[PDB]
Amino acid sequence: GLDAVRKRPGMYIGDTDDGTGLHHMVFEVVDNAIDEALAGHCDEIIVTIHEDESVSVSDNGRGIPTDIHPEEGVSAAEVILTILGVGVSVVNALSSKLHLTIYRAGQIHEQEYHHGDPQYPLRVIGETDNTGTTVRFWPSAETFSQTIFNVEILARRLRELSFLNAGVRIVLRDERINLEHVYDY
């Protein structure tokens, strides 16, 4: 039901004009990585503001499940990204593009979406000794009247999450000003 999200984004992500809803897009992805840390699976989260104005969030948790979901006939990861915290499916719906990478059970999986529509089924692209999830997303300029992330707004929330989740190392990178901050209680 991502149609409803695109039609009334304010109801799902908050104010699309004043910067709050825009930064909520990053916070929703980070909150999924924090849940992975609370469960004891993740101890490092890297949040990057890219030169292209996109944001990536990488965790070293379990990685989103990749096995086919019986009811849906597609990867569990696709079901989580494409069917309605508000959930990462809201971030996907309101992103012109989203790139998902999963490191799980010795394999690297990827899927790309445009406005929440998968471009191809989740595919294995290589081998890895690591586990975790990376989401890179480009917020839709059709939804958000401002799409430029403020490193100070992200920094304040990441500092809070670092404090509240001691033992998670949170790295904030802003490629636009070559900034890196490490939050580790």
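The numbering used is simple: start at 1 and walk along the sequence shown.
Trainee: I'd like to know the size of any gap between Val79 and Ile80, counted in deposited residues with no coordinates: none, 1 to 3, 4 to 9, or 10 or more.
Mentor: Gap between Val79 and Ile80: none.
Trainee: Determine, for stretches 34-42 and 53-61, which one has the higher mean CA B-factor as deposited.
Mentor: Looking at the recorded C-alpha B-factors, 34-42 comes out higher on average.
Trainee: Per the entry, which of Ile102, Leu98, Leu94, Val86 tops the list for Cα B factor?
Mentor: Within the set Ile102, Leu98, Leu94, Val86, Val86 shows the top C-alpha B-factor.
Trainee: Tell me, lowest, middle or highest third: where does the Cα B factor of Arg136 rank within its chain?
Mentor: Tercile = lowest for this residue's CA B-factor.
Trainee: Ranked by Cα temperature factor within the chain, is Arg157 in the lowest third, the middle third or the highest third?
Mentor: According to the entry, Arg157 has a C-alpha B-factor in the chain's middle third.
Trainee: Could you look up the Cα B-factor of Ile170 in the entry and say which third of the chain it sits in: lowest, middle or highest?
Mentor: For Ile170, the deposited C-alpha B-factor lands in the middle third.
Trainee: Sorting the chain's CA B-factors, does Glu72 end up in the lowest, middle or highest third?
Mentor: As the PDB entry reports it, the C-alpha B-factor of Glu72 lands in the highest third of its chain.
Trainee: Determine, from the deposited record, the chain-internal third of the Cα B-factor for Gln119: lowest, middle or highest.
Mentor: Bottom third by C-alpha B-factor.
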